[PDB]
Each structure stands twice: as C-alpha cells, then as structure tokens.
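S.K.: For reference, this is run.cif, and it has mmCIF, C-alpha atoms and all ligand atoms.
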data_target
loop_
_atom_site.label_atom_id
_atom_site.label_comp_id
_atom_site.auth_asym_id
_atom_site.auth_seq_id
_atom_site.Cartn_x
_atom_site.Cartn_y
_atom_site.Cartn_z
CA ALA G 1 9.73 6.20 20.17
CA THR G 2 11.40 9.33 18.78
CA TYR G 3 12.74 9.09 15.23
CA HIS G 4 14.41 11.45 12.75
CA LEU G 5 14.02 11.93 9.02
CA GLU G 6 15.87 9.37 6.88
CA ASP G 7 14.18 9.82 3.46
CA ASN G 8 11.82 12.48 2.13
CA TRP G 9 10.20 11.49 -1.16
CA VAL G 10 8.03 13.97 -3.01
CA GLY G 11 7.24 14.20 -6.72
CA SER G 12 10.17 13.59 -9.04
CA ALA G 13 12.29 12.27 -6.15
CA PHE G 14 10.56 8.90 -6.55
CA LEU G 15 12.15 8.49 -10.00
CA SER G 16 15.68 8.28 -8.53
CA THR G 17 14.90 6.63 -5.17
CA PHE G 18 12.54 3.88 -6.41
CA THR G 19 12.68 1.50 -9.35
CA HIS G 20 9.81 0.10 -11.38
CA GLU G 21 9.58 -3.69 -11.18
CA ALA G 22 8.85 -5.03 -14.66
CA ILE G 23 8.03 -8.49 -13.38
CA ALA G 24 5.45 -11.18 -13.87
CA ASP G 25 2.87 -10.56 -11.17
CA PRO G 26 3.55 -12.87 -8.22
CA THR G 27 -0.20 -12.72 -7.50
CA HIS G 28 -1.10 -13.78 -11.07
CA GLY G 29 -3.21 -10.75 -11.89
CA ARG G 30 -4.43 -9.51 -15.25
CA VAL G 31 -1.61 -7.01 -15.28
CA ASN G 32 1.43 -6.02 -17.27
CA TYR G 33 3.90 -4.32 -14.96
CA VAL G 34 5.92 -1.95 -17.10
CA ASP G 35 9.44 -0.68 -16.66
CA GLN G 36 10.20 2.87 -15.55
CA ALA G 37 10.98 4.28 -19.00
CA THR G 38 7.77 2.81 -20.41
CA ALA G 39 5.72 4.05 -17.43
CA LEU G 40 6.99 7.60 -17.87
CA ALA G 41 6.51 7.59 -21.66
CA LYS G 42 2.94 6.29 -21.37
CA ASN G 43 2.18 8.53 -18.37
CA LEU G 44 1.37 5.55 -16.14
CA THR G 45 3.79 7.16 -13.70
CA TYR G 46 3.83 10.93 -13.34
CA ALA G 47 6.22 12.46 -10.83
CA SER G 48 6.41 16.24 -10.68
CA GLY G 49 5.81 19.11 -8.25
CA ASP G 50 4.30 17.73 -5.04
CA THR G 51 2.58 14.80 -6.75
CA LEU G 52 3.26 11.19 -7.62
CA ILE G 53 0.63 9.49 -9.79
CA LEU G 54 0.79 5.74 -10.38
CA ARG G 55 -2.05 4.57 -12.62
CA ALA G 56 -3.49 1.85 -14.78
CA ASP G 57 -3.88 2.11 -18.52
CA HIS G 58 -7.44 3.39 -19.02
CA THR G 59 -7.49 3.59 -22.84
CA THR G 60 -6.42 0.23 -24.29
CA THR G 61 -8.87 -2.59 -24.96
CA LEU G 62 -6.84 -5.74 -24.32
CA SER G 63 -6.36 -8.67 -26.65
CA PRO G 64 -7.54 -11.64 -24.53
CA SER G 65 -4.47 -13.60 -25.78
CA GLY G 66 -2.14 -10.66 -25.07
CA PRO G 67 -0.65 -9.29 -21.84
CA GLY G 68 -2.69 -7.80 -19.00
CA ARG G 69 -3.54 -4.19 -18.34
CA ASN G 70 -0.51 -1.92 -18.06
CA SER G 71 0.20 -0.83 -14.52
CA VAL G 72 3.13 -0.16 -12.22
CA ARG G 73 4.84 -1.63 -9.17
CA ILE G 74 7.51 0.63 -7.65
CA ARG G 75 10.06 -0.43 -5.05
CA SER G 76 12.35 1.65 -2.88
CA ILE G 77 16.04 1.20 -3.61
CA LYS G 78 16.79 1.41 0.11
CA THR G 79 15.81 -1.20 2.67
CA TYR G 80 14.69 -0.66 6.26
CA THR G 81 14.54 -2.53 9.56
CA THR G 82 13.49 -0.45 12.60
CA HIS G 83 11.79 2.60 11.12
CA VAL G 84 8.64 4.62 10.63
CA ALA G 85 7.14 5.09 7.15
CA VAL G 86 4.47 7.76 6.59
CA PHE G 87 2.33 7.84 3.45
CA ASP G 88 0.37 11.01 2.65
CA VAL G 89 -2.14 9.66 0.13
CA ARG G 90 -4.67 11.81 -1.70
CA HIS G 91 -6.19 9.01 -3.81
CA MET G 92 -5.86 5.25 -4.11
CA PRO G 93 -6.92 3.10 -7.04
CA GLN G 94 -10.58 2.26 -7.32
CA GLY G 95 -12.71 0.18 -9.67
CA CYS G 96 -13.91 -3.37 -10.06
CA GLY G 97 -10.96 -5.72 -10.32
CA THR G 98 -8.47 -3.38 -8.64
CA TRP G 99 -6.01 -4.69 -6.09
CA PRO G 100 -3.79 -1.85 -4.88
CA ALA G 101 -1.21 -2.13 -2.13
CA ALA G 102 1.37 -0.14 -0.19
CA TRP G 103 3.56 -2.51 1.73
CA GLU G 104 7.02 -3.69 2.70
CA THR G 105 8.79 -6.96 2.12
CA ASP G 106 12.03 -8.68 1.24
CA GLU G 107 11.20 -10.30 -2.10
CA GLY G 108 14.53 -12.13 -2.21
CA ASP G 109 13.74 -14.44 0.73
CA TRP G 110 9.94 -14.26 0.96
CA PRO G 111 8.25 -15.04 3.33
CA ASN G 112 11.23 -15.39 5.71
CA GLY G 113 12.15 -11.70 5.57
CA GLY G 114 8.55 -10.80 6.40
CA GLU G 115 5.85 -8.78 4.72
CA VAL G 116 3.76 -5.95 6.16
CA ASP G 117 0.79 -4.75 4.14
CA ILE G 118 -0.10 -1.21 5.15
CA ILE G 119 -2.75 -0.32 2.57
CA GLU G 120 -4.47 -3.18 0.78
CA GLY G 121 -7.83 -4.34 -0.49
CA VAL G 122 -9.73 -5.56 -3.51
CA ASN G 123 -12.68 -4.54 -5.67
CA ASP G 124 -13.45 -1.35 -3.77
CA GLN G 125 -14.32 -3.30 -0.64
CA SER G 126 -13.73 -1.17 2.45
CA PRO G 127 -12.28 -1.25 5.05
CA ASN G 128 -8.52 -1.31 4.67
CA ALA G 129 -6.65 -4.42 5.74
CA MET G 130 -3.27 -4.32 7.48
CA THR G 131 -1.57 -7.71 7.53
CA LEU G 132 1.68 -9.51 8.28
CA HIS G 133 2.89 -12.49 6.29
CA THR G 134 5.74 -14.47 7.84
CA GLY G 135 7.32 -17.88 8.10
CA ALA G 136 6.66 -20.35 10.91
CA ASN G 137 5.98 -19.54 14.56
CA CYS G 138 4.42 -16.09 14.44
CA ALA G 139 0.95 -15.46 15.76
CA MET G 140 -0.97 -12.66 17.43
CA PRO G 141 -3.00 -12.59 20.63
CA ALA G 142 -6.80 -12.58 20.20
CA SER G 143 -7.03 -9.26 22.02
CA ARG G 144 -4.54 -6.41 22.00
CA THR G 145 -4.77 -2.65 22.07
CA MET G 146 -5.75 -1.21 18.69
CA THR G 147 -8.79 0.42 17.08
CA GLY G 148 -9.12 -2.15 14.29
CA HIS G 149 -10.55 -5.66 14.36
CA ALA G 150 -8.31 -8.72 14.07
CA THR G 151 -9.36 -11.33 11.56
CA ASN G 152 -6.80 -14.13 11.19
CA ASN G 153 -4.20 -14.27 13.97
CA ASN G 154 -1.68 -16.74 12.54
CA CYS G 155 0.85 -14.83 10.42
CA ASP G 156 2.60 -17.94 9.05
CA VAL G 157 1.73 -18.17 5.36
CA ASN G 158 2.49 -21.90 5.35
CA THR G 159 -0.22 -22.79 7.90
CA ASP G 160 -2.81 -19.98 7.65
CA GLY G 161 -4.09 -20.54 4.09
CA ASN G 162 -1.72 -17.82 2.86
CA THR G 163 -3.85 -15.08 4.49
CA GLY G 164 -1.32 -13.70 6.97
CA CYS G 165 -2.45 -12.22 10.28
CA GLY G 166 -4.75 -9.33 9.52
CA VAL G 167 -6.55 -6.37 11.04
CA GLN G 168 -9.48 -4.51 9.48
CA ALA G 169 -9.60 -0.74 9.93
CA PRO G 170 -12.69 0.52 11.82
CA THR G 171 -13.92 3.14 9.30
CA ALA G 172 -15.05 2.88 5.69
CA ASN G 173 -13.00 5.91 4.68
CA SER G 174 -9.83 3.91 5.33
CA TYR G 175 -10.20 2.44 1.85
CA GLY G 176 -11.63 2.59 -1.61
CA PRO G 177 -14.23 4.98 -3.03
CA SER G 178 -14.99 6.11 0.54
CA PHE G 179 -11.34 7.06 1.12
CA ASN G 180 -11.17 8.81 -2.25
CA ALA G 181 -14.40 10.78 -1.66
CA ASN G 182 -12.85 12.02 1.58
CA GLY G 183 -9.58 13.17 0.00
CA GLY G 184 -7.60 10.20 1.30
CA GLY G 185 -5.50 10.54 4.42
CA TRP G 186 -2.33 9.38 6.10
CA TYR G 187 -1.00 5.90 6.82
CA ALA G 188 1.90 5.48 9.21
CA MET G 189 3.68 2.25 10.10
CA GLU G 190 6.18 1.89 12.95
CA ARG G 191 8.33 -1.23 12.97
CA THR G 192 10.64 -2.19 15.83
CA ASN G 193 12.09 -5.45 17.14
CA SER G 194 9.10 -5.70 19.46
CA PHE G 195 6.09 -4.77 17.31
CA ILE G 196 4.59 -3.43 14.14
CA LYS G 197 1.91 -0.72 14.37
CA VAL G 198 -0.13 0.97 11.67
CA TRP G 199 -2.14 4.18 12.13
CA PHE G 200 -4.71 5.54 9.69
CA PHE G 201 -5.84 9.16 9.89
CA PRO G 202 -8.52 10.37 7.50
CA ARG G 203 -7.85 13.57 5.56
CA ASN G 204 -10.47 15.48 7.55
CA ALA G 205 -9.48 14.16 10.98
CA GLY G 206 -9.37 16.75 13.76
CA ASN G 207 -6.89 14.55 15.68
CA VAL G 208 -4.15 13.91 13.12
CA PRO G 209 -0.73 14.29 14.78
CA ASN G 210 1.21 17.24 13.37
CA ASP G 211 4.12 14.75 13.13
CA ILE G 212 2.17 12.86 10.51
CA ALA G 213 0.29 15.69 8.78
CA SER G 214 3.12 18.22 8.28
CA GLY G 215 6.11 15.87 7.99
CA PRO G 216 8.66 17.61 10.21
CA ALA G 217 12.09 16.03 10.47
CA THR G 218 11.50 14.77 14.06
CA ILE G 219 8.57 12.55 15.18
CA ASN G 220 7.47 10.88 18.39
CA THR G 221 5.01 7.99 18.05
CA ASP G 222 4.23 8.11 21.80
CA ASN G 223 1.92 11.03 20.95
CA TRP G 224 0.01 9.29 18.14
CA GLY G 225 -2.75 7.63 20.14
CA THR G 226 -3.82 4.01 19.84
CA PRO G 227 -2.78 2.36 16.57
CA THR G 228 -5.30 1.09 14.05
CA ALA G 229 -3.41 -2.21 13.78
CA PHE G 230 -1.05 -3.61 16.42
CA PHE G 231 1.16 -6.64 15.96
CA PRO G 232 2.89 -7.23 19.31
CA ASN G 233 5.61 -9.80 20.01
CA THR G 234 3.56 -11.75 22.58
CA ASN G 235 3.53 -14.81 20.30
CA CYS G 236 5.91 -13.71 17.55
CA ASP G 237 9.53 -12.63 17.63
CA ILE G 238 8.94 -9.75 15.24
CA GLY G 239 12.61 -8.98 14.63
CA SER G 240 13.42 -12.63 13.80
CA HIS G 241 10.60 -12.78 11.21
CA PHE G 242 11.50 -9.55 9.42
CA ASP G 243 14.76 -8.45 7.89
CA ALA G 244 15.67 -5.39 5.79
CA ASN G 245 12.58 -4.62 3.69
CA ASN G 246 11.86 -2.42 0.68
CA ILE G 247 8.75 -0.27 0.39
CA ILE G 248 6.52 -1.30 -2.51
CA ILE G 249 3.52 0.51 -3.99
CA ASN G 250 1.58 -1.23 -6.74
CA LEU G 251 -1.68 -1.86 -8.52
CA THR G 252 -2.62 -5.25 -9.91
CA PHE G 253 -5.96 -6.52 -11.23
CA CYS G 254 -7.91 -9.70 -10.60
CA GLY G 255 -5.43 -12.44 -9.66
CA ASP G 256 -5.34 -14.75 -6.72
CA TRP G 257 -7.39 -12.58 -4.36
CA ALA G 258 -9.36 -9.96 -6.35
CA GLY G 259 -10.04 -12.26 -9.32
CA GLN G 260 -11.83 -15.08 -7.51
CA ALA G 261 -15.35 -15.19 -8.94
CA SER G 262 -17.04 -15.37 -5.54
CA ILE G 263 -15.03 -12.40 -4.28
CA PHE G 264 -15.29 -10.31 -7.47
CA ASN G 265 -19.01 -10.99 -7.93
CA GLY G 266 -19.64 -10.63 -4.19
CA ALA G 267 -18.27 -7.08 -4.46
CA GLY G 268 -21.06 -6.26 -6.94
CA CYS G 269 -18.75 -6.59 -9.94
CA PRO G 270 -20.37 -8.29 -12.95
CA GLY G 271 -19.15 -11.38 -14.79
CA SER G 272 -15.49 -12.32 -15.23
CA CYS G 273 -12.76 -10.15 -13.67
CA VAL G 274 -10.35 -10.81 -16.54
CA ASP G 275 -13.03 -10.09 -19.16
CA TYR G 276 -13.98 -6.90 -17.31
CA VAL G 277 -10.37 -5.73 -17.14
CA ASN G 278 -9.83 -6.56 -20.82
CA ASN G 279 -12.84 -4.74 -22.17
CA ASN G 280 -13.52 -1.70 -19.95
CA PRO G 281 -10.48 0.60 -20.19
CA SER G 282 -12.51 3.71 -19.29
CA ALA G 283 -13.61 2.02 -16.04
CA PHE G 284 -9.99 2.33 -14.84
CA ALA G 285 -9.68 6.10 -15.23
CA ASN G 286 -9.89 6.31 -11.41
CA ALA G 287 -7.50 3.39 -10.84
CA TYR G 288 -4.65 5.65 -9.70
CA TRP G 289 -2.61 6.46 -6.66
CA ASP G 290 -2.09 10.17 -6.02
CA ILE G 291 0.63 10.42 -3.37
CA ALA G 292 1.71 13.72 -1.83
CA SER G 293 4.74 12.28 -0.02
CA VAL G 294 6.29 9.22 1.54
CA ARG G 295 8.69 9.84 4.41
CA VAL G 296 10.84 7.39 6.33
CA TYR G 297 12.25 8.02 9.80
CA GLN G 298 14.99 6.08 11.63
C1 LIG P 1 0.18 12.86 -17.32
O1 LIG P 1 -0.63 12.65 -16.19
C2 LIG P 1 -0.73 13.79 -15.37
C3 LIG P 1 -1.35 13.43 -14.03
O2 LIG P 1 -2.69 13.06 -14.23
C4 LIG P 1 -1.54 14.85 -16.10
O3 LIG P 1 -1.57 16.00 -15.28
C5 LIG P 1 -2.85 16.64 -15.18
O4 LIG P 1 -3.08 17.44 -16.31
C6 LIG P 1 -4.32 18.12 -16.30
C7 LIG P 1 -4.51 18.82 -17.64
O5 LIG P 1 -3.40 19.64 -17.91
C8 LIG P 1 -4.39 19.11 -15.14
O6 LIG P 1 -5.69 19.64 -15.09
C9 LIG P 1 -5.72 21.07 -14.89
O7 LIG P 1 -5.60 21.43 -13.53
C10 LIG P 1 -5.51 22.83 -13.32
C11 LIG P 1 -5.35 23.09 -11.83
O8 LIG P 1 -4.16 22.46 -11.41
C12 LIG P 1 -3.76 22.92 -10.11
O9 LIG P 1 -4.61 22.49 -9.07
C13 LIG P 1 -4.75 21.09 -8.94
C14 LIG P 1 -5.65 20.84 -7.74
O10 LIG P 1 -4.92 21.34 -6.63
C15 LIG P 1 -5.69 21.41 -5.43
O11 LIG P 1 -5.92 20.16 -4.81
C16 LIG P 1 -4.75 19.45 -4.43
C17 LIG P 1 -5.20 18.16 -3.75
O12 LIG P 1 -5.74 17.29 -4.73
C18 LIG P 1 -3.87 20.26 -3.48
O13 LIG P 1 -2.63 19.61 -3.32
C19 LIG P 1 -3.62 21.66 -4.02
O14 LIG P 1 -3.04 22.46 -3.00
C20 LIG P 1 -4.91 22.31 -4.49
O15 LIG P 1 -5.72 22.59 -3.38
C21 LIG P 1 -6.51 23.76 -3.60
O16 LIG P 1 -7.86 23.45 -3.90
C22 LIG P 1 -8.50 22.66 -2.92
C23 LIG P 1 -9.92 22.39 -3.39
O17 LIG P 1 -9.89 21.93 -4.72
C24 LIG P 1 -8.48 23.38 -1.56
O18 LIG P 1 -8.99 22.54 -0.56
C25 LIG P 1 -7.05 23.79 -1.19
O19 LIG P 1 -7.04 24.56 -0.01
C26 LIG P 1 -6.44 24.59 -2.34
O20 LIG P 1 -7.13 25.80 -2.52
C27 LIG P 1 -3.39 20.43 -8.70
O21 LIG P 1 -3.51 19.02 -8.83
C28 LIG P 1 -2.34 20.91 -9.69
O22 LIG P 1 -1.09 20.47 -9.22
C29 LIG P 1 -0.20 20.10 -10.28
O23 LIG P 1 0.59 21.17 -10.75
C30 LIG P 1 1.41 21.78 -9.77
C31 LIG P 1 2.20 22.90 -10.44
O24 LIG P 1 1.30 23.80 -11.04
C32 LIG P 1 2.35 20.75 -9.13
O25 LIG P 1 3.06 21.33 -8.06
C33 LIG P 1 1.56 19.54 -8.63
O26 LIG P 1 2.41 18.52 -8.17
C34 LIG P 1 0.70 18.99 -9.76
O27 LIG P 1 1.56 18.52 -10.77
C35 LIG P 1 -2.34 22.43 -9.84
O28 LIG P 1 -1.85 23.04 -8.67
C36 LIG P 1 -6.74 23.56 -13.88
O29 LIG P 1 -6.48 24.95 -13.90
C37 LIG P 1 -7.08 23.11 -15.30
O30 LIG P 1 -8.36 23.59 -15.66
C38 LIG P 1 -7.06 21.59 -15.40
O31 LIG P 1 -8.10 21.04 -14.63
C39 LIG P 1 -4.09 18.41 -13.82
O32 LIG P 1 -3.88 19.38 -12.81
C40 LIG P 1 -2.86 17.52 -13.93
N1 LIG P 1 -2.66 16.75 -12.71
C41 LIG P 1 -1.50 16.71 -12.05
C42 LIG P 1 -0.34 17.45 -12.62
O33 LIG P 1 -1.36 16.08 -11.00
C43 LIG P 1 -0.84 15.18 -17.41
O34 LIG P 1 -1.68 16.01 -18.19
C44 LIG P 1 -0.47 13.93 -18.21
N2 LIG P 1 0.48 14.30 -19.25
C45 LIG P 1 0.23 14.39 -20.56
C46 LIG P 1 -1.16 14.27 -21.11
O35 LIG P 1 1.15 14.58 -21.35
#
In structure tokens, write the structure found in this file.
Ligand SMILES: *[C@@H]1O[C@H](CO)[C@@H](O[C@@H]2O[C@H](CO)[C@@H](O[C@@H]3O[C@H](CO[C@H]4O[C@H](CO[C@H]5O[C@H](CO)[C@@H](O)[C@H](O)[C@@H]5O[C@H]5O[C@H](CO)[C@@H](O)[C@H](O)[C@@H]5O)[C@@H](O)[C@H](O[C@H]5O[C@H](CO)[C@@H](O)[C@H](O)[C@@H]5O)[C@@H]4O)[C@@H](O)[C@H](O)[C@@H]3O)[C@H](O)[C@H]2NC(C)=O)[C@H](O)[C@H]1NC(C)=O
M.R.:
Amino acid sequence: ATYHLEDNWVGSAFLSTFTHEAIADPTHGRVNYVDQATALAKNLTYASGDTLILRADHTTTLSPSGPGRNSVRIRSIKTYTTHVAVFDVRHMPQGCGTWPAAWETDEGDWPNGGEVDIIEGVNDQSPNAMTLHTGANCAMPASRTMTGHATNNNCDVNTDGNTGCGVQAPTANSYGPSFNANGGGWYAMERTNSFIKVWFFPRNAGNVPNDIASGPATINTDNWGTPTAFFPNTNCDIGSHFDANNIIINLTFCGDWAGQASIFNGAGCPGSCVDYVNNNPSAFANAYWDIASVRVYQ
C-alpha cells in the first residue's frame, strides 16, 4: 500500500491540469456551469498562490425564465485506475440549496465505468456521504471494518433507486457549516482492484497521518488507521465495475437530490429551492470551495 506522487495540484496548476465542464447539469440543478474563460473573468474560479477557489455567483438575482446560478464543475484531464487521491480542503460550499461534490467517474460510459463520491451532501446536512454508483452485480456486506455507518449496500444504480451504496461519516465536522467552522480537513481515497477506501481527517485532528497532512512524495496507507468508508470486494468485483476515472469537483444547486421539497424543507430551508436560489444571491457568498491542494499517487 505504498504509492508515489503522480500529480501535485496547487493554485494556478489547476488551470492547466483540469478543464471546466460547461455542460447542462446531469442532476438537473438550478445551475449554469460556465466555461473556464468565463469562470476566470467572473472570478467564479480563482487559482493563485496556494489556493483554489471555486464558487457560486453571489451577486446576480436570476430571471426565473433564464439560466440557473453560475457555478463551476472542473474535471481532471488525466484519468486514474489504481491510485490514491488526497484533497486538502479549507472550505466547502454551504447554504440552503447547495449540492457540492468531489468525486471520480467516467462520464463517457456512466455508470459502467463506476463513480466514487468522496465529498458530497446537500443543504448543509452533515455528515458527509461517501458512495459508489455502479452497474449490475455490485453490493457491500452489511458489516465491514470502517468508522462510518453504511446506509444502502447495493451499489447498482439500476436496482437501488439510483442511490448507490453509501457510508455516512461519523462526525458532524466531516461536512457543511460544521466542517467550515473547523477549518475543513483532509479527504483521502485509495482505489485498488480489491477495494475503495475513504478517510476523513478533521483540520484539528491530533492523529492525521503526516502522509496526508504534509503531502510528501511517498505515502503508505497501511499507516492511516481504519478508513471512514470501506468498499471491499466481498460482493463486488471492484476493478470490473470501475475503469479509468477523472476527478471532478463541482457545485450545483437544487436538482434531483437537493431540490426535492421534502429534503430542502426538511433541512430547515424555506419555500422553493429554485425560488430561493433565484432570489437570494447574497446567501451564496459562502458557497465556495477553498482547496489548498489535490495530490494523486500511483
Ligand atoms: C477573486 O476572488 C478572490 C478569492 O476570494 C479574491 O481574493 C481575496 O481578496 C481579498 C481582498 O483583496 C483578500 O482579503 C485580504 O486578505 C489579506 C490577508 O491575506 C493573507 O492571509 C489570508 C489568510 O491566510 C491565513 O489563513 C489561511 C487558511 O485559510 C492559511 O493558508 C494562511 O497560512 C494564513 O494562516 C495564518 O493565519 C491563521 C489564522 O488566521 C493561522 O492559523 C496561521 O498559522 C497563519 O498565521 C490568505 O487567504 C491570503 O492568501 C492569499 O494570498 C497569498 C499571497 O499573498 C496566496 O499565496 C494565497 O494563495 C492567497 O491567494 C493571504 O496570505 C488581508 O490583509 C486584507 O485585509 C484582506 O482581508 C483575500 O485574502 C483574498 N483571498 C484569496 C486570495 O484567497 C479576489 O479579491 C477576487 N478578485 C477580484 C475582486 O478581482
């Protein structure tokens, strides 16, 4: 479980090693995903020094008949199979209606190339969820060694209500306003032929592996303790359900998950998600990622 540095992305490096996906939102959110040039001009992406900011427009009041709220979805140019990805995240988007994610997939053959969601949630609702979405014949055992709590254990999007097989992180500060109040933290995901693991370490953790915290060129996941989420191959050939995946980091609003009235209102968010997103630009001033680095090891 020893790996060596493959990519080191800090600040302006993201502008040449990722693209912006100016696409209709696959999750049907109240979002307008802008291109890279537009993002940089409007300061929705800011990539300089040791900082990457990816943010929502927090100034425009939207025409209800016009496009959704400007935001960004960035995708690594490179693809990865067996690897470790480490995200040093100072801030993640918050606010009613927000649906941020840091994840990997192969968009071109989804879901057959797999999807792993590393950071994901909606409407400020902690804790973080870590989830696989696959094609047929991929499930997880009811009990396996991890610190998080399994929810759905069938990863097949065709037969699991499109939920994937998920794990909830054990602490509130894994996600949302709680995470942001704490200065964020580190997410690491190891993928091999035999498993996927995710670890979360809060910013203030006394037990964060130096491997993760300082980003040296050599790491050893054997020394990282029990993962937060564990997806073993007991009932899923992991390698046959995943192919070469890009890393994606995005922020959408409302849409198929966050926008459901019961879910949005259940989070303490008033009224209509789309109406809220249209008419409360200032409420998205804290709907930003602040990323110190993303590093991949192979
Ligand atoms: C487009 O959008 C961008 C992004 O939002 C806008 O940029 C912001 O612009 C505003 C206004 O100009 C800036 O506000 C100013 O900030 C000044 C201070 O900046 C310096 O410190 C910042 C905080 O750094 C600490 O915290 C971070 C973690 O969050 C640590 O990494 C860092 O080490 C610092 O830690 C110290 O403090 C903490 C406690 O707070 C301790 O625990 C630690 O031990 C340390 O003691 C920091 O964010 C700034 O970094 C920026 O600049 C440096 C180069 O100078 C660069 O390397 C970084 O990558 C980053 O770009 C900086 O070090 C302050 O003096 C002033 O009053 C005002 O508040 C704001 O900093 C900008 N944010 C950025 C750049 O991320 C931009 O304006 C907009 N463009 C437009 C309008 O055209």
S.K.: Need the shell around residue 45 in chain G: protein/DNA/RNA residues with any atom at most 12 Å away, counting all atoms listed in the file. Skip same-chain ones fewer than 2 positions apart. Format as a PyMOL selection string?
M.R.: chain G and resi 11-12+14-15+18-20+33-43+47-48+51-57+70-74+249-251+288-291
S.K.: Separation of CA of residue 123 in chain G and CA of residue 252 in chain G, in Å?
M.R.: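 Value for the CA of residue 123 in chain G-CA of residue 252 in chain G distance: 10.9 Å.
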S.K.: Of the candidates G:172, G:5, G:96, G:10, which shows the shortest atom-to-atom distance to ligand LIG 1 (chain P), using all atoms listed in the file?
M.R.: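 Checking each candidate against ligand LIG 1 (chain P), we get G:10 as the closest.
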S.K.: Let me make sure I understand: among G:149, G:102, G:209, G:58, which one has the smallest atom-to-atom distance to residue 222 in chain G if we use only C-alpha atoms?
M.R.: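 Closest candidate: G:209.
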S.K.: Have a look at G:113, G:100, G:183, G:108 and name the one nearest to ligand LIG 1 (chain P); count all atoms listed in the file.
M.R.: G:183
S.K.: With distances taken over all atoms listed in the file, which of G:7, G:160, G:88, G:243 is nearest to ligand LIG 1 (chain P)?
M.R.: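 Selected residue with least distance to ligand LIG 1 (chain P): G:88.
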S.K.: Would you kindly return, as a ChimeraX atom specification, each protein, DNA or RNA residue with an atom no farther than 12 Å from any atom of residue 283 in chain G, considering only C-alpha atoms and excluding same-chain residues fewer than 4 positions away?
M.R.: /G:56-61,93-98,269,276-279,287-288
